[PDB]
Amino acid sequence: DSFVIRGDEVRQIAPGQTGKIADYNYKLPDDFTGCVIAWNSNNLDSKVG
Amino acid sequence: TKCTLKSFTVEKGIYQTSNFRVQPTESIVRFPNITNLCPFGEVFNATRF
Amino acid sequence: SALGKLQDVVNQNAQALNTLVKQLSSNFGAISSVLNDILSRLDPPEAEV
Amino acid sequence: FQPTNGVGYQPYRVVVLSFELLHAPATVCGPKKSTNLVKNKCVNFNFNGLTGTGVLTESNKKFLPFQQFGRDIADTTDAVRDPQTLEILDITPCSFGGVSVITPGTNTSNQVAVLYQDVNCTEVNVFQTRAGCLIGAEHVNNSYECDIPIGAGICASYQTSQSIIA
Amino acid sequence: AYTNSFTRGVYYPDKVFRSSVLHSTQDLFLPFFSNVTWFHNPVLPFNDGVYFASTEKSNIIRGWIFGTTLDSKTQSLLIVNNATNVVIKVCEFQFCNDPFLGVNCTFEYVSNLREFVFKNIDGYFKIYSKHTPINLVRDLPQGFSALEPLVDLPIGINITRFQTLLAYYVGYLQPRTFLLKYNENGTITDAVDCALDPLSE
Ligand SMILES: *[C@@H]1O[C@H](CO)[C@@H](O)[C@H](O)[C@H]1NC(C)=O
Ligand SMILES: *[C@@H]1O[C@H](CO)[C@@H](O)[C@H](O)[C@H]1NC(C)=O
Ligand SMILES: *[C@@H]1O[C@H](CO)[C@@H](O)[C@H](O)[C@H]1NC(C)=O
Ligand SMILES: *[C@@H]1O[C@H](CO)[C@@H](O)[C@H](O)[C@H]1NC(C)=O
Ligand SMILES: *[C@@H]1O[C@H](CO)[C@@H](O)[C@H](O)[C@H]1NC(C)=O
Ligand SMILES: *[C@@H]1O[C@H](CO)[C@@H](O)[C@H](O)[C@H]1NC(C)=O
Ligand SMILES: *[C@@H]1O[C@H](CO)[C@@H](O)[C@H](O)[C@H]1NC(C)=O
């Protein structure tokens with residue numbers, strides 16, 4: 001499952017987490033089995049405007 | 001009885017298999033009388049600002 | 001007191017039950033002896049523990 | 001401020017509400033309204049600080065003006081004071097009990113009777129015994145040797161066209 | 001001066017009803033047959049709660065001050081019964097050296113032998129009280145009586161010292177275990193200090 005968030009919200013991508021992203025955007029199960037990988041993409045997803 | 005004893009055949013006798021429990025039909029919430037409203041009137045409705 | 005033995009038997013059993021019931025008031029290391037409070041107060045990841 | 005000003009120059013009143021939470025006892029909460037209460041029915045209830053499940057009934061006790069929650073001998077909630085109405089309500093936990101299945105051996109037949117232990121037959125060829133409510137058992141007057149014990153002097157068995165009798 | 005606190009200082013530890021029950025509970029109580037200071041407006045410590053008692057024939061004692069410095073440097077509880085009106089305030093009052101009466105506020109409320117128990121636990125200031133008639137001058141009466149709760153201030157101000165505002169008696173609570181006897185009517189009729197003597201143990 002691929003997507004993009006802001007850094008402060010990276011913590012929310014984990015089982016048993018709450019907040020905007022966890023509650024309304026992407027929710028993992030409490031017994032989630034697997035890996036979460038996150039990396040900065042400022043060079044690619046940011047624009048001067 | 002067949003499943004609770006883990007067999008397809010049951011000998012003569014009396015066995016306990018489960019528990020009958022009446023479920024709550026609805027919910028009730030009780031709190032004291034609402035008093036002492038915060039004086040937001042004195043703020044939003046002030047004659048001079 | 002002549003019938004002590006019989007009475008004694010009764011007494012012992014009662015105490016047992018009482019003790020058992022009193023065990024419902026012990027936290028066993030949890031934060032509260034009341035299951036409902038733990039369910040309503042903590043998030044599932046720690047309420048499960 | 002002149003009344004003929006455009007909106008950008010007209011006066012606006014502003015109120016900024018800040019909500020501060022310190023390590024000190026909280027003193028500003030929101031309404032947390034309540035509802036009506038019903039008696040003689042199994043309810044899941046939440047009084048002032050306590051929660052539970054049971055039937056609320058008119059009580060016989062005399063609580064003091066400052067007492068809220070009752071307590072039995074074995075540290076169990078027994079009665080409560082309704083926060084709005086100054087009436088004391090006894091909390092009787094909702095009826096429950098084991099469901100025993102009286103059966104002759106499946107080898108002989110597949111007909112069964114059901115004993116709900118320690119309940120009236122209203123809350124479920126019906127027999128009301130001191131052991132509970134028995135269903136599927138034909139109550140006879142003639143006495144016989146006990147075969148399948150039920151309790152309180154009542155025993156059930158499969159007898160003659162054939163049926164279960166207690 | 002000093003006096004014996006025979007069996008006084010027992011207060012309902014909660015708002016829970018119990019009938020014909022012997023209950024064991026550990027909390028801050030006045031030890032039986034301990035020393036209580038007897039006075040005829042000195043400032044006293046408030047270590048872990050104070051039991052206060054007064055015998056009155058002309059309503060001399062009027063109120064109390066609680067706080068830490070009581071010199072307009074930090075909030076301080078002021079409780080005064082002006083002859084018809086009970087008033088409780090927690091303003092940073094500037095007190096006199098001897099604040100006697102003529103012979104930043106975060107809360108404000110306005111409404112023979114008298115016993116009170118003041119204690120401060122987890123930011124809550126519990127005030128229990130009890131009144132009774134008496135015919136005695138030179139000492140406390142011997143006997144048993146329980147103190148009901150009257151006020152539970154959510155003040156949150158931590159107290160270290162306090163002073164009276166006008167003979168009275170002051171005792172200091174200790175963390176002991178007690179056995180309380182609740183009769184059929186929910187009231188405490190007797191108590192046993194679980195560390196007083198071998199028989200009580
Ligand atoms: C609470 O309010 C109801 C009406 O809203 C009233 O009937 C009742 O007497 C009030 N109770 C108290 C203790 O004031
Ligand atoms: C101000 O007064 C109006 C009545 O004209 C009322 O509707 C409103 O609720 C008041 N404001 C506040 C904050 O209570
Ligand atoms: C079942 O009943 C038959 C009679 O039809 C009998 O021969 C057999 O032994 C019985 N088996 C058991 C296990 O009781
Ligand atoms: C069952 O019914 C009898 C009388 O019909 C009544 O006295 C008894 O209280 C009932 N059982 C319960 C649990 O209320
Ligand atoms: C059993 O006898 C009683 C009287 O003692 C009678 O009322 C009842 O109907 C009888 N029942 C049967 C099944 O014979
Ligand atoms: C009270 O003080 C006296 C001396 O001031 C002392 O002898 C006595 O033991 C004290 N009382 C208690 C209960 O310790
Ligand atoms: C308990 O209260 C009842 C009435 O509320 C009263 O009749 C009874 O005398 C009281 N018990 C005692 C021991 O005084």
# chains A, B, ... in the order shown; residues from 1 in each chain; ligands from 1
>>> residues_near_ligand(ligand="ligand 2", cutoff="7 Å", atoms="only C-alpha atoms and all ligand atoms", output="PyMOL selection string")
chain B and resi 40-41+43-45
>>> residues_around(residues="region 52-60 of chain D", least_positions_apart="3", cutoff="8 Å", atoms="only C-alpha atoms", output="ChimeraX atom specification")
/B:24 /D:38-46,79,88-94
>>> closest_residue(among="B:22, B:42, B:31, B:10", to="ligand 3", atoms="only C-alpha atoms and all ligand atoms")
B:10
>>> residues_near_ligand(ligand="ligand 6", cutoff="10 Å", atoms="only C-alpha atoms and all ligand atoms", output="number ranges by chain")
E: 1-6, 31-37, 196
>>> residues_around(residues="residue 38 (chain A)", least_positions_apart="2", cutoff="9 Å", atoms="only C-alpha atoms", output="PyMOL selection string")
chain A and resi 4+10+36+40
>>> residues_near_ligand(ligand="ligand 7", cutoff="12 Å", atoms="only C-alpha atoms and all ligand atoms", output="list in words")
residues 60, 61, 62, 63, 64 and 65 of chain D; 19, 20, 182, 183, 184, 185, 186, 187, 188 and 189 of chain E
>>> write_last_selection(atoms="C-alpha atoms", output="PDB file, in the first residue's frame")
ATOM      1  CA  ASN D  60     -36.562  -0.101  50.988  1.00  0.00           C
ATOM      2  CA  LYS D  61     -33.395   1.428  52.487  1.00  0.00           C
ATOM      3  CA  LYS D  62     -32.884   4.870  54.038  1.00  0.00           C
ATOM      4  CA  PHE D  63     -29.728   6.386  52.578  1.00  0.00           C
ATOM      5  CA  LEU D  64     -28.226   9.372  54.349  1.00  0.00           C
ATOM      6  CA  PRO D  65     -28.450  12.769  52.594  1.00  0.00           C
TER       7      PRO D  65
ATOM      8  CA  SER E  19     -25.188  -1.931  56.735  1.00  0.00           C
ATOM      9  CA  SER E  20     -24.205  -4.177  59.657  1.00  0.00           C
ATOM     10  CA  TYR E 182     -21.646   0.103  60.221  1.00  0.00           C
ATOM     11  CA  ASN E 183     -25.024  -0.576  61.832  1.00  0.00           C
ATOM     12  CA  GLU E 184     -28.234  -1.305  59.912  1.00  0.00           C
ATOM     13  CA  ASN E 185     -28.755   2.418  59.203  1.00  0.00           C
ATOM     14  CA  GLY E 186     -25.447   3.055  57.416  1.00  0.00           C
ATOM     15  CA  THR E 187     -23.812   5.084  60.200  1.00  0.00           C
ATOM     16  CA  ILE E 188     -20.537   4.342  61.977  1.00  0.00           C
ATOM     17  CA  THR E 189     -21.193   3.293  65.576  1.00  0.00           C
TER      18      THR E 189
END
>>> residues_near_ligand(ligand="ligand 3", cutoff="9 Å", atoms="only C-alpha atoms and all ligand atoms", output="short mmCIF file (atom, residue, chain, number, x, y, z; two decimals) with N, CA, C and O atoms, in the first residue's frame")
data_model
loop_
_atom_site.label_atom_id
_atom_site.label_comp_id
_atom_site.auth_asym_id
_atom_site.auth_seq_id
_atom_site.Cartn_x
_atom_site.Cartn_y
_atom_site.Cartn_z
N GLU B 11 -24.55 -40.08 26.11
CA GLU B 11 -25.15 -41.04 27.02
C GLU B 11 -26.23 -40.38 27.87
O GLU B 11 -26.31 -39.15 27.98
N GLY D 105 -30.21 -41.55 26.56
CA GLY D 105 -29.09 -41.80 25.67
C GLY D 105 -29.48 -41.71 24.21
O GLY D 105 -30.50 -42.27 23.80
N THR D 106 -28.69 -40.98 23.41
CA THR D 106 -28.98 -40.83 21.99
C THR D 106 -29.15 -42.16 21.28
O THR D 106 -29.76 -42.22 20.22
N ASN D 107 -28.59 -43.24 21.85
CA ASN D 107 -28.81 -44.57 21.30
C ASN D 107 -30.30 -44.90 21.22
O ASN D 107 -30.77 -45.43 20.21
N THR D 108 -31.05 -44.58 22.28
CA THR D 108 -32.46 -44.97 22.34
C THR D 108 -33.35 -43.99 21.58
O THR D 108 -34.24 -44.41 20.83
#
>>> residues_near_ligand(ligand="ligand 1", cutoff="9 Å", atoms="only C-alpha atoms and all ligand atoms", output="PyMOL selection string")
(chain B and resi 32-34) or (chain D and resi 83-86)
>>> write_last_selection(atoms="N, CA and C atoms", output="PDB file, in the first residue's frame")
ATOM      1  N   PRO B  32     -26.330  14.594  37.452  1.00  0.00           N
ATOM      2  CA  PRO B  32     -27.051  15.651  38.176  1.00  0.00           C
ATOM      3  C   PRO B  32     -27.534  16.763  37.254  1.00  0.00           C
ATOM      4  N   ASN B  33     -28.349  17.642  37.834  1.00  0.00           N
ATOM      5  CA  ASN B  33     -28.960  18.733  37.086  1.00  0.00           C
ATOM      6  C   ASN B  33     -27.903  19.727  36.616  1.00  0.00           C
ATOM      7  N   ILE B  34     -27.962  20.093  35.337  1.00  0.00           N
ATOM      8  CA  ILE B  34     -26.977  21.005  34.765  1.00  0.00           C
ATOM      9  C   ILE B  34     -27.218  22.412  35.300  1.00  0.00           C
TER      10      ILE B  34
ATOM     11  N   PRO D  83     -29.108  10.718  40.527  1.00  0.00           N
ATOM     12  CA  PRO D  83     -28.604  12.097  40.650  1.00  0.00           C
ATOM     13  C   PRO D  83     -29.683  13.167  40.561  1.00  0.00           C
ATOM     14  N   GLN D  84     -30.738  12.949  39.776  1.00  0.00           N
ATOM     15  CA  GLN D  84     -31.783  13.958  39.620  1.00  0.00           C
ATOM     16  C   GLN D  84     -32.921  13.770  40.620  1.00  0.00           C
ATOM     17  N   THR D  85     -33.550  12.597  40.616  1.00  0.00           N
ATOM     18  CA  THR D  85     -34.626  12.294  41.549  1.00  0.00           C
ATOM     19  C   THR D  85     -34.035  11.748  42.842  1.00  0.00           C
ATOM     20  N   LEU D  86     -34.450  12.322  43.972  1.00  0.00           N
ATOM     21  CA  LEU D  86     -33.945  11.901  45.278  1.00  0.00           C
ATOM     22  C   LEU D  86     -34.622  10.601  45.719  1.00  0.00           C
TER      23      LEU D  86
END
>>> closest_atom_pairs(of="region 5-123 of chain D", to="region 19-33 of chain C", cutoff="12 Å", atoms="only C-alpha atoms", output="tab-separated table")
residue	atom	partner	partner_atom	distance
D:72	CA	C:21	CA	11.4
D:73	CA	C:22	CA	10.0
D:74	CA	C:22	CA	6.4
D:75	CA	C:22	CA	6.8
D:76	CA	C:21	CA	8.6
D:77	CA	C:25	CA	11.5
>>> residues_near_ligand(ligand="ligand 5", cutoff="9 Å", atoms="only C-alpha atoms and all ligand atoms", output="VMD selection string")
chain D and resid 138 to 142
>>> write_last_selection(atoms="N, CA and C atoms", output="compact mmCIF listing (two decimals), in the first residue's frame")
# COMPACT_ATOMS: atom_id res chain seq x y z
N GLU D 138 -43.13 -34.09 30.69
CA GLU D 138 -44.52 -34.28 31.09
C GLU D 138 -44.58 -34.56 32.58
N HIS D 139 -45.22 -33.67 33.33
CA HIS D 139 -45.27 -33.79 34.78
C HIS D 139 -46.36 -34.79 35.17
N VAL D 140 -45.95 -35.88 35.81
CA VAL D 140 -46.86 -36.92 36.25
C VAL D 140 -46.94 -36.90 37.77
N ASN D 141 -47.97 -37.56 38.29
CA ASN D 141 -48.16 -37.64 39.74
C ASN D 141 -47.52 -38.89 40.33
N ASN D 142 -47.49 -39.99 39.58
CA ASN D 142 -46.94 -41.24 40.08
C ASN D 142 -45.45 -41.10 40.32
>>> atom_distance(atom1="CA of residue 48 (chain B)", atom2="CA of residue 9 (chain D)")
19.0 Å
>>> residues_near_ligand(ligand="ligand 4", cutoff="10 Å", atoms="only C-alpha atoms and all ligand atoms", output="NGL selection string")
:D and (40 or 92-96 or 118-123 or 128 or 132)
>>> select_by_dssp(residues="region 27-140 of chain D", states="strand (DSSP E)", output="mmCIF file with N, CA and C atoms, in the first residue's frame")
data_model
loop_
_atom_site.group_PDB
_atom_site.id
_atom_site.type_symbol
_atom_site.label_atom_id
_atom_site.label_comp_id
_atom_site.auth_asym_id
_atom_site.auth_seq_id
_atom_site.Cartn_x
_atom_site.Cartn_y
_atom_site.Cartn_z
ATOM 1 N N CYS D 42 -34.027 -5.141 32.519
ATOM 2 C CA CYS D 42 -32.572 -5.237 32.482
ATOM 3 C C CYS D 42 -31.976 -4.093 31.666
ATOM 4 N N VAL D 43 -31.146 -3.268 32.308
ATOM 5 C CA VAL D 43 -30.541 -2.109 31.661
ATOM 6 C C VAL D 43 -29.047 -2.107 31.953
ATOM 7 N N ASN D 44 -28.273 -1.569 31.013
ATOM 8 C CA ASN D 44 -26.879 -1.214 31.261
ATOM 9 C C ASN D 44 -26.827 0.263 31.645
ATOM 10 N N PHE D 45 -26.443 0.532 32.888
ATOM 11 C CA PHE D 45 -26.583 1.844 33.497
ATOM 12 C C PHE D 45 -25.217 2.433 33.815
ATOM 13 N N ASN D 46 -25.157 3.764 33.837
ATOM 14 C CA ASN D 46 -23.947 4.493 34.216
ATOM 15 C C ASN D 46 -24.383 5.662 35.095
ATOM 16 N N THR D 51 -20.496 2.313 36.670
ATOM 17 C CA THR D 51 -21.211 1.720 35.553
ATOM 18 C C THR D 51 -21.448 0.246 35.848
ATOM 19 N N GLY D 52 -22.512 -0.292 35.268
ATOM 20 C CA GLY D 52 -22.840 -1.682 35.502
ATOM 21 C C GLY D 52 -24.008 -2.120 34.651
ATOM 22 N N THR D 53 -24.467 -3.340 34.913
ATOM 23 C CA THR D 53 -25.633 -3.902 34.250
ATOM 24 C C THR D 53 -26.526 -4.542 35.299
ATOM 25 N N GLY D 54 -27.823 -4.285 35.201
ATOM 26 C CA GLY D 54 -28.756 -4.820 36.170
ATOM 27 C C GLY D 54 -30.122 -4.190 36.018
ATOM 28 N N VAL D 55 -31.005 -4.585 36.930
ATOM 29 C CA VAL D 55 -32.376 -4.098 36.994
ATOM 30 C C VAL D 55 -32.486 -3.148 38.176
ATOM 31 N N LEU D 56 -33.017 -1.954 37.930
ATOM 32 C CA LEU D 56 -33.203 -0.956 38.974
ATOM 33 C C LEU D 56 -34.622 -1.067 39.511
ATOM 34 N N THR D 57 -34.746 -1.197 40.830
ATOM 35 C CA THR D 57 -36.043 -1.358 41.470
ATOM 36 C C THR D 57 -36.190 -0.386 42.633
ATOM 37 N N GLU D 58 -37.442 -0.046 42.934
ATOM 38 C CA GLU D 58 -37.749 0.755 44.112
ATOM 39 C C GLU D 58 -37.211 0.078 45.366
ATOM 40 N N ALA D 79 -26.975 -0.556 45.928
ATOM 41 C CA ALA D 79 -27.983 0.453 45.638
ATOM 42 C C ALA D 79 -27.293 1.756 45.267
ATOM 43 N N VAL D 80 -28.031 2.616 44.562
ATOM 44 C CA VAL D 80 -27.514 3.906 44.125
ATOM 45 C C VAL D 80 -28.550 4.992 44.378
ATOM 46 N N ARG D 81 -28.066 6.229 44.464
ATOM 47 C CA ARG D 81 -28.922 7.402 44.572
ATOM 48 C C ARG D 81 -29.002 8.064 43.203
ATOM 49 N N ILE D 88 -33.818 6.218 46.012
ATOM 50 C CA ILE D 88 -32.778 5.203 46.116
ATOM 51 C C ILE D 88 -33.222 3.981 45.324
ATOM 52 N N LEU D 89 -32.366 3.516 44.419
ATOM 53 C CA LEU D 89 -32.686 2.412 43.525
ATOM 54 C C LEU D 89 -31.808 1.215 43.862
ATOM 55 N N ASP D 90 -32.446 0.075 44.127
ATOM 56 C CA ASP D 90 -31.731 -1.178 44.317
ATOM 57 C C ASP D 90 -31.341 -1.762 42.968
ATOM 58 N N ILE D 91 -30.122 -2.284 42.893
ATOM 59 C CA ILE D 91 -29.572 -2.849 41.669
ATOM 60 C C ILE D 91 -29.564 -4.363 41.839
ATOM 61 N N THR D 92 -30.525 -5.035 41.203
ATOM 62 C CA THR D 92 -30.581 -6.487 41.198
ATOM 63 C C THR D 92 -30.043 -6.987 39.869
ATOM 64 N N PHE D 96 -30.051 -14.844 35.229
ATOM 65 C CA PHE D 96 -29.199 -15.712 34.430
ATOM 66 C C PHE D 96 -29.152 -17.071 35.107
ATOM 67 N N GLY D 97 -28.673 -18.059 34.366
ATOM 68 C CA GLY D 97 -28.514 -19.381 34.944
ATOM 69 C C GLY D 97 -28.133 -20.396 33.896
ATOM 70 N N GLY D 98 -27.679 -21.547 34.381
ATOM 71 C CA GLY D 98 -27.268 -22.604 33.480
ATOM 72 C C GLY D 98 -28.433 -23.190 32.707
ATOM 73 N N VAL D 99 -28.116 -23.715 31.525
ATOM 74 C CA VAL D 99 -29.102 -24.370 30.674
ATOM 75 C C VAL D 99 -28.726 -25.840 30.574
ATOM 76 N N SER D 100 -29.297 -26.669 31.438
ATOM 77 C CA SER D 100 -28.993 -28.088 31.410
ATOM 78 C C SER D 100 -29.906 -28.794 30.419
ATOM 79 N N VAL D 101 -29.361 -29.803 29.755
ATOM 80 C CA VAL D 101 -30.079 -30.545 28.729
ATOM 81 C C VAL D 101 -30.255 -31.965 29.254
ATOM 82 N N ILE D 102 -31.469 -32.294 29.685
ATOM 83 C CA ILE D 102 -31.784 -33.646 30.131
ATOM 84 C C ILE D 102 -32.120 -34.498 28.917
ATOM 85 N N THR D 103 -31.419 -35.623 28.768
ATOM 86 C CA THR D 103 -31.598 -36.492 27.614
ATOM 87 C C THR D 103 -31.457 -37.952 28.012
ATOM 88 N N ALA D 113 -35.205 -32.666 26.944
ATOM 89 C CA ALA D 113 -35.850 -31.632 27.737
ATOM 90 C C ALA D 113 -34.800 -30.627 28.188
ATOM 91 N N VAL D 114 -35.234 -29.396 28.456
ATOM 92 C CA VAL D 114 -34.319 -28.312 28.799
ATOM 93 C C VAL D 114 -34.701 -27.746 30.159
ATOM 94 N N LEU D 115 -33.726 -27.688 31.065
ATOM 95 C CA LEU D 115 -33.890 -27.130 32.407
ATOM 96 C C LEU D 115 -33.108 -25.824 32.497
ATOM 97 N N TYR D 116 -33.822 -24.711 32.607
ATOM 98 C CA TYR D 116 -33.205 -23.422 32.894
ATOM 99 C C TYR D 116 -33.119 -23.274 34.405
ATOM 100 N N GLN D 117 -31.894 -23.223 34.925
ATOM 101 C CA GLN D 117 -31.681 -23.340 36.361
ATOM 102 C C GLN D 117 -31.982 -22.023 37.064
ATOM 103 N N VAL D 126 -45.035 -27.258 30.577
ATOM 104 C CA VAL D 126 -43.954 -26.559 31.262
ATOM 105 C C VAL D 126 -44.092 -26.792 32.761
ATOM 106 N N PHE D 127 -42.984 -27.140 33.420
ATOM 107 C CA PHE D 127 -42.976 -27.460 34.843
ATOM 108 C C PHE D 127 -42.124 -26.437 35.586
ATOM 109 N N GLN D 128 -42.704 -25.803 36.602
ATOM 110 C CA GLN D 128 -41.978 -24.874 37.463
ATOM 111 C C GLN D 128 -41.567 -25.613 38.733
ATOM 112 N N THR D 129 -40.283 -25.940 38.847
ATOM 113 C CA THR D 129 -39.752 -26.661 39.992
ATOM 114 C C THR D 129 -38.814 -25.759 40.781
ATOM 115 N N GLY D 132 -35.831 -24.774 38.918
ATOM 116 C CA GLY D 132 -35.945 -23.871 37.788
ATOM 117 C C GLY D 132 -37.114 -24.163 36.869
ATOM 118 N N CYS D 133 -36.980 -23.793 35.601
ATOM 119 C CA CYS D 133 -38.028 -24.034 34.616
ATOM 120 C C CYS D 133 -37.646 -25.230 33.753
ATOM 121 N N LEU D 134 -38.504 -26.245 33.725
ATOM 122 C CA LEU D 134 -38.293 -27.435 32.916
ATOM 123 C C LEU D 134 -39.266 -27.442 31.744
ATOM 124 N N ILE D 135 -38.736 -27.624 30.536
ATOM 125 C CA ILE D 135 -39.520 -27.608 29.308
ATOM 126 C C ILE D 135 -39.287 -28.910 28.555
#
